[PDB]
Amino acid sequence: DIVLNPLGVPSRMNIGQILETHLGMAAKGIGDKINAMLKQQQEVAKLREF
Amino acid sequence: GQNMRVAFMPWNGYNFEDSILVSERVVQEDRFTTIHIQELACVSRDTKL
Amino acid sequence: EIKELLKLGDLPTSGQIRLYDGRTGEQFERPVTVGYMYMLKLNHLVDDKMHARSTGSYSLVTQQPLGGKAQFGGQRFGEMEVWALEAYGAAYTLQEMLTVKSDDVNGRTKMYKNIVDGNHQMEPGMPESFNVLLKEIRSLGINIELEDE
Amino acid sequence: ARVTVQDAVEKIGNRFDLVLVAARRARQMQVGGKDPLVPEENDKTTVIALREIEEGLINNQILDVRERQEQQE
Amino acid sequence: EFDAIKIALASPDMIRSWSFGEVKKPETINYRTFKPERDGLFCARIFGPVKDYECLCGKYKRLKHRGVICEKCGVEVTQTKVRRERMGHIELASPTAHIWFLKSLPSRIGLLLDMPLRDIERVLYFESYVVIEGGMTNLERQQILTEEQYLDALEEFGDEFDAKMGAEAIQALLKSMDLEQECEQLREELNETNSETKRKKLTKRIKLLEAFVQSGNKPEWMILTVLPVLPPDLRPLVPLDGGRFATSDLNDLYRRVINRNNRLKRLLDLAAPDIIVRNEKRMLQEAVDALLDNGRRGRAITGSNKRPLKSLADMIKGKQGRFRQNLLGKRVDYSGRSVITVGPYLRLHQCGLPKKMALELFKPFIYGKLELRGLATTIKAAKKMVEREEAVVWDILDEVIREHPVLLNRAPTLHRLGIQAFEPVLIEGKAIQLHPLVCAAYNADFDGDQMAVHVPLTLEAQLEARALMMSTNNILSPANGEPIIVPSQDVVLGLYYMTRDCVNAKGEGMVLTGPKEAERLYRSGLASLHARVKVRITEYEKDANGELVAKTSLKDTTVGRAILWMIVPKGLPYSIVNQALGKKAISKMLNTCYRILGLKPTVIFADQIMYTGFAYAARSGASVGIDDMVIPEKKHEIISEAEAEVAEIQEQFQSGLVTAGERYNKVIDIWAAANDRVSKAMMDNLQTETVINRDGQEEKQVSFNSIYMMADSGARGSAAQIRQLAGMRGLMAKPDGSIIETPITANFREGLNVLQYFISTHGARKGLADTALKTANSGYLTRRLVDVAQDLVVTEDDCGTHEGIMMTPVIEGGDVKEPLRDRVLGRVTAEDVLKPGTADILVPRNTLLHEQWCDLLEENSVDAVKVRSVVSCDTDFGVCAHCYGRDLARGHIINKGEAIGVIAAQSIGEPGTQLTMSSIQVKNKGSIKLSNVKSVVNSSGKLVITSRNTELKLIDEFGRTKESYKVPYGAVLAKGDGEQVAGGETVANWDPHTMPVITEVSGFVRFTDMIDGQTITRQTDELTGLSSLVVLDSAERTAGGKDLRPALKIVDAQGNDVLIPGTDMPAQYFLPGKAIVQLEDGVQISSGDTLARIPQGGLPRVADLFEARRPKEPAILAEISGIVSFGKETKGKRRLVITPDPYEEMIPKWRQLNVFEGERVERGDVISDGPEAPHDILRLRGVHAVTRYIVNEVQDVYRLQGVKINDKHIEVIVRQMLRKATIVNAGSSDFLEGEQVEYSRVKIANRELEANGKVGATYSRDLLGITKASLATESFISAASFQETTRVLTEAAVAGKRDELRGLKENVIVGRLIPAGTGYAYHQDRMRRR
DNA sequence: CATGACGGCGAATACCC
RNA sequence: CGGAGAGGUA
DNA sequence: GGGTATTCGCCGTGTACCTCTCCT
Ligand SMILES: [Mg+2]
Ligand SMILES: [Zn+2]
Ligand SMILES: [Zn+2]
């Protein structure tokens, strides 16, 4: 969606925006699995487990 | 705000000096479209005439 | 913990993935950090900030243009801008900023008429704020006047 | 003349003198009805004057001489 | 139609002449109607009709009726604008004293009448009497009779004396006194005394009298009798909420004055007890002095809100005053502003301009063209067409702005490149697109910045934009001559990545026909961008004739370097790109292109570099991830070792082995060492990566880590920031500045804890507050510099002077801070620079030293070069091109008419926000030279310095001095002269906690003029037990010892005295009273030992240097050259005398004196240490020395921060600081002796006198601070517009000063062409016709 | 009325003869 | 369309 | 009547722009 310049990270030293980004990806990844199980109409047990 | 899929990479100078490159899908989905309400007043007074 | 959560979602632990250039389809040579960031739109919209003025209203005491976008005012050419123009040697640009773009009423009227006629030439006169200053110094009981020639 | 003026600057010498001579020539073409000495290529009068200057066709001396001739008739 | 501005006092008759009527009523306008009350502040009969060509009565309402004064209502049928030009007058019942000529220090009334200000105030504000005419009684004229004294005096005698009260008394005094006779009396009084303070007071008063006499002003005019009234249209009433008016804040003061005047006049007709009459007179005085200057004397009268009232003096002074708000700067038409975005596709001369903004800006041009092709018959039709935004209107807009430049400005405009001209390109958006390369010139980025756009209207303005202010002409910096369009960030990263090499990249070992084949291989994916290959490269080189000779050869290079070679213009060596290209390398590439090939190839090359850098930075995929902050694997071990070490040295403190102070001092050193170790480990791990060769071997190479690439390229970040990211943040400081004992061992990747983050907030807040508060000081300094240098313009080609300044490399200890090449580049030599052989001339006398000339200088190892300087330039009212030298922005010699003073002020001011707030060992190989040295026999054969404090030079063989070291008194050098040094061994050793009274010749010291127990004491320390002697200080010492001064002579076994050869005065050494005699009497002393013990930065510094501020403890110097002695002591401060007529100076006596009692010193020799006052340097060592001192100190402050500013700007400021001269003797000139005048005036007068053959006056140059120099200029308009408008205008009005419109500020204020640049020639014509 | 600013500088004030 | 107070952007 | 040290009042303290309320 958005392209940000890496060069604004090092001198600014606001490293949190990197970690959040990683964490954000991880968060989306979890949703990307759950959404999949919702489109395949998986059992409630599998969604419970995941 | 909104959750945006973001990549950290230079793109042909369009992210130079803190500039931001935004995909047209962000515009299409109205992710950052905002409503602004302004109040206009029309006053009818007494004048000398 | 972040890398563990990335594993749980079947994502790389480094947080960097292979991206392709949409224009050409070519692989970017190095992995790119791709993720989700929570972005905000600040109340600094370009709609509220963009402003331009050719001519408009003027102040009462000094015939210089009004200030502010809300008043359709003109931009202030302050002391440092004048210093920059002096450092360039752009004497005519500075003079037209001081007179025909400003409180020189006759000069600005003539300049507008000449521009409408396709004649890009100014006929500068005396700025009105200098006359205001002269009157104000007179009001302090001090005789200040221009000389013969 | 359309991107840099260094040719015209070197032709005239002083940069301010170049500005004044170019302004005089551009006014002669904009208001005086004079014809360009160089082939007009959708340029403005200022750019035409600068192009004439950088080719040596217009300077202060040439302008003064031509003004003297024109006033003589 | 005018040539100068005249200012003087206003007589009552002249004030009446200005006015068109008298204002009598204190009510402005009728509120029932909207008409103004007659005879009020907005009266129409006096000031003019409210509407155009119409009466107040409405009888006449046509232009045919123009010129007819209405009989019914008295209003004249004329244009209403006369209301802002016609003034009024207020008749005053009693004379009132003008506040400016009373309270503005020094009091003009007080100085003229010789009375104290307090006395005049008591009399003026009705607290005392003044005996205007005593007659033949015992009362003098300026005697203050208190009310009691007045009545009792009148009782004893109340007819002869004429004591009056109020301003009328001061009126009587000022009118009666004769200026010429009393001036003669003071002039004869001046010579009839010898007291300096009385001379100062008399000359100060006589200056005021002469000011009154020459100007034609009358003293009694300072007391007002008719008060002028400002035109009403200059003090209008702003409507609020339709029906009501706010406080005008100026009409209120006029209302109060009118009311008080009328009530006074009426209580004078009916008559009243004198006390209430005097109260009314006093409050009328208060009303008038509040109207003129509210708050100057007494409390400030307050309006409806608590806000002070804004008076007439406030109209014209301060930041919001007329000068600074409406004359030196103003709002302009044809202007707009918008948020700036990056346009990476733009060429250097183009900007991206919104088409809506352009349509609004160029609207009159659209109207003109629409009528030009007859698309709109009238203005109204064109306006409607533009409002509809028809397609043809957009075609008109396209046609208008084809080659019409626009000016882009970003605030703050710190230097001239903050305004640049660009060719507009219409864009659909609402934001202005800025070219990347000019961003550094604007100090601009795209995180919210906004810029203003202006439209040059006339042909002259358009051509000034194209030829002067266009970005293509501004690639170099005017401050230092370096390129300012240098690529940064993405472009630097892209070029660095494409020019990097890899050990086993795909396609390694290939051999290519040229760059095109390399590009084909890269684009087709058959070869890596970092593959090391062989490429056929054809490069071009200029010959002596100047043609491009082509050489083709096989280069060992990379694919990326070959690809980048395609954009390089012909004429550059291929090696310039045959390396990993960083920011420094790219800047050198651009500078080389400019120097070899000129402006046009440079602009094209810069555009190509930017495009290539953006493209390959995009293709690289350079990112930033958490894994890129690679933390060294030894970090925890180093931290634990440091913690164990600090625990051990805390255990040392527990048992008392170390004190608390040293405990902390060693904990800090230990943690600093640990931080250094962590930083080294992190950088070593980060800067290298391991790669497999084509032979399967593992090989080291430069790392391709993203953050390391960003730092190494120079695109963004430094080693320090990387250390915070991946090493440890380190030691922090408390708000008071002390370092916190425990450092932040974590880094931003690991994350700080609460305590560490809170600790770091201290420094973060301190830095942000420092920036926020220092920006104002930097702006103030810049404004002061601009004023002090505003009028300086290059007005000549060559004044022909043979003087100059001697440039040498800057040497501080081992390292040489500044090469001679940098200091002399672009300078004009003041003499022939002989080749070291001294036979021939290496460069002729007057040569502009460009790159090749400096190449010759450095190649032949020229030691120093004498160059011309603006400070020593002979030109009056400006400088010459040769003395200034090269124009740094352009690269050639400076042109006539260039405003170099403003350029210098901006160059110095701009980096203002970047500013803050026992032995000698040679390190290199070379011979050692000594100057100002005296050598004598030594005990060990190793020479001891006996000369007044000297220096030492290390000259590296070829004759260029690489080192300089200072040598105090008694420092015994460990070697000889010219012995040569390996480097790293001590050259001289001495004790900085003692100083002897050494006598070179050996002998027995005899204690002459010496008394035991009175001038000396014996001590026996328990550790030693020796009977050492203390020479007690005289004030400390007993009364008997005070009369005798200590003395130590030299006698030998022969019995006579051996003394310094060549002199007549015996070698006798007095001890300064802080000396320790360890030896006993009659002890043979060998030369080279002790005979006594004598124990012993940022922006504000630059501001103090430019303000010529005197240091708190300045160094005392030798006023004249001779032998020193003492005299009276304690009676105040110790007296030191110098004589070869004698000099007598007083010195605190709680200071240390380098010189000894019989030590002969030259002029300017340091008597006592301390920071040198630049005034003393100018007085003693001359203009050149003070110029060099100021330049060196300012460059020290700026070089500490890494800021590069040419010395010529500082020299321009110094020359402006040195514009005044004080007359030592009048001579045959017209100058009065002892006054301060302009140095150029003295030069002209002396030149004229020498032409006539008469004798010229002698002068002493005066050094003035930039504020003082600005306020002491001949033009009172400039000084008034700068600061202290009240005081400057009072000076000008009393003196009757005449102001020539000669400087830049004066012509800006009157809206004329400035006498610089394109207007310069204009003023020349104006001079020649006159 | 407000009582959180301070450095520099020149005229005037006082102290010390 | 002037002044004051408050906040904000660079 | 004389010189010098201390005290007191005045001068100055970044640019450009945007929003709001309140004001005889
Ligand atoms: Mg910014
Ligand atoms: Zn009438
Ligand atoms: Zn000169």
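Numbered from 1 within each chain, the chains take letters A, B, ... in sequence-line order. For the numbers below, each heavy atom of this structure counts, side chains included, while hydrogens, waters and symmetry mates do not.
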Is E/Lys1131 touching bases, backbone alone, or none of the nucleic acid, heavy atoms closer than 4.0 Å? nothing
Between E/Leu105 and E/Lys198, who's closer to the 5' end of DNA chain H by nearest nucleotide? E/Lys198
How is C/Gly67 classified with respect to the nucleic acid when contacts are heavy atoms under 4.0 Å: base, sugar-phosphate, or nothing? nothing
Can you tell me, in whole Å, how much space there is between the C1' of H/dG3 and that of F/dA14? 12 Å
Mind checking if E/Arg296 touches a base, just sugar-phosphate, or nothing, with heavy atoms under 4.0 Å? sugar-phosphate
Does the pair E/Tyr334 and E/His454 meet the rule for a ring pair (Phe, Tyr, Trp, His ring centres under 6.0 Å), with working shown? CA-CA 6 Å; E/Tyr334 307 93; E/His454 300 269; over 10 Å; no
Salt bridge flag under 4.0 Å for residues A/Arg12 and B/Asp18: yes
So if I take every side-chain heavy atom of E/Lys201 and compare against F/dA12, H/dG2, H/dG12, which nucleotide ends up nearest? F/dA12
Using side chain to side chain donor-acceptor pair (under 3.5 Å) as the criterion, list what pairs up with E/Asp1104, not counting sequence neighbours. E/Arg1109
For E/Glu196, which contact category applies under a 4.0 Å heavy-atom criterion: base, sugar-phosphate, or nothing? sugar-phosphate
For F/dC16 and H/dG1, measure between their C1' atoms and round to the nearest Å. 13 Å
Can you tell me if E/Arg199 and E/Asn194 form a side-chain donor-acceptor pair at under 3.5 Å? yes
Please classify the nucleic acid contact of E/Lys774 as base, sugar-phosphate, or nothing, using heavy-atom distances under 4.0 Å. nothing
E/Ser304 side-chain N/O to H/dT24 phosphate OP1/OP2 under 4.0 Å: yes
By the 4.0 Å heavy-atom rule, please label C/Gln71 as base, sugar-phosphate, or nothing. base
Cation-pi check, E/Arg1101 onto E/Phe1106 ring (under 6.0 Å, within 45° of axis): no
Assign H/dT19 to north (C3'-endo side) or south (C2'-endo side) according to its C1'-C2'-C3'-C4' torsion. north
What contact category does E/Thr775 fall into here, base, sugar-phosphate, or nothing, at under 4.0 angstrom with non-hydrogen atoms? base
Using the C1'-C2'-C3'-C4' torsion, which pucker class fits H/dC10: north or south? south
Taking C1'-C2'-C3'-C4' positive as north and negative as south, where does F/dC9 sit? south
With rounding to the closest Å, how many angstrom separate the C1' atoms on F/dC1 and H/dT21? 25 Å
Regarding E/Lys317 and E/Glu1284, does a basic nitrogen lie under 4.0 Å from an acidic carboxylate oxygen? no
Can you tell me how far apart CG (E/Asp289) and OH (E/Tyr125) are? Round to the nearest 0.5 Å. 4.0 Å
Counting only side-chain N and O atoms of E/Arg324, is one of them less than 4.0 Å from OP1 or OP2 of H/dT15? yes
On the nucleotide H/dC17, are OP1 or OP2 found under 4.0 Å from the side-chain N or O atoms that E/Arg331 carries? yes
Using a 4.0 Å heavy-atom cut-off across all strands, classify E/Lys1268 as base, sugar-phosphate, or nothing. sugar-phosphate
Using the P atom on both, measure F/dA5 against G/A6 and round to a whole Å. 15 Å
Enumerate the salt bridge (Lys or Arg N to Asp or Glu O under 4.0 Å) contacts for residues 776-785 of chain E, please, sequence neighbours excluded, ordered by first and then second residue. C/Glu79-E/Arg783, E/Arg784-E/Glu1107
Reckon E/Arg199 touches a base, only the sugar-phosphate, or nothing at all at heavy-atom distances under 4.0 Å? nothing
With north defined by a positive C1'-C2'-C3'-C4' torsion and south by a negative one, F/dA5 has a sugar that is south
What pairs of nitrogen or oxygen atoms, one from the protein and one from nucleotides 7-10 of chain G, lie under 3.5 Å apart?
{"residue": "G/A10", "atom": "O3'", "partner": "E/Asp449", "partner atom": "OD1", "Å": "2.7"}
{"residue": "G/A10", "atom": "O2'", "partner": "E/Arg410", "partner atom": "NH1", "Å": "2.9"}
{"residue": "G/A10", "atom": "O2'", "partner": "E/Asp449", "partner atom": "OD1", "Å": "3.1"}
{"residue": "G/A10", "atom": "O2'", "partner": "E/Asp449", "partner atom": "OD2", "Å": "3.3"}

Just read off the sign of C1'-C2'-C3'-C4' for H/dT15 and name the pucker, north if positive, south if negative. north
Which is true for C/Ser59 with a 4.0 Å heavy-atom rule: it touches a base, it touches only sugar-phosphate, or it touches nothing? sugar-phosphate
Annotated structure of DNA chain F as dot-bracket, pair cut-off 3.5 Å, Watson-Crick or G-U only, | for inter-strand, is ....|||||||||.|.|
Scan E/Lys1133 against the nucleic acid and name what it touches under 4.0 Å (heavy atoms): base, sugar-phosphate only, or nothing. nothing
Using a cut-off of 4.0 Å on non-hydrogen atoms, how would the nucleic acid contact of E/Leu237 be classed: base, sugar-phosphate, or nothing? nothing
Check every strand shown and say whether E/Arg307 touches a base, only sugar-phosphate, or nothing at a heavy-atom separation below 4.0 Å. base
Mind checking the P distance from H/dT7 to F/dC15? Whole angstroms is fine. 10 Å
Candidate nucleotides H/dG12, G/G3, G/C1, ranked by approach to the side chain of E/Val238 - the nearest: G/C1
If the condition is side chain to side chain donor-acceptor pair (under 3.5 Å), which residues does E/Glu1113 pass it with, not counting sequence neighbours? E/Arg1151
Qualifying residues under side-chain contact (heavy atoms from CB on, under 4.5 Å), relative to C/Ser129, sequence neighbours excluded: C/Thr62, C/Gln64, C/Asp103, C/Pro127, E/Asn326, E/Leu327, E/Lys330
When the nearest nucleotide of DNA chain F is assigned to E/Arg118 and to E/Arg1109 on a heavy-atom basis, which residue is associated with the more 5' position? E/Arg1109
May I ask you to establish whether E/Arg410 and E/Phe446 are in a cation-pi arrangement, using a distance under 6.0 Å from NZ or CZ to the six-membered ring centre and at most 45° from the ring axis? no
Taking only the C1' atom of each, what is the distance from H/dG14 to G/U9 in whole angstrom? 16 Å
Judged by nearest nucleotide, the residue sitting upstream toward the 5' end of DNA chain H, E/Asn777 or E/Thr193, is E/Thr193
Touch class at under 4.0 angstrom, heavy-atom based, for E/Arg297 against every strand present: nothing
Centre of E/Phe42's six-membered ring, under 6.0 Å away, within 45 degrees of the axis: is that where NZ or CZ of E/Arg83 sits? no
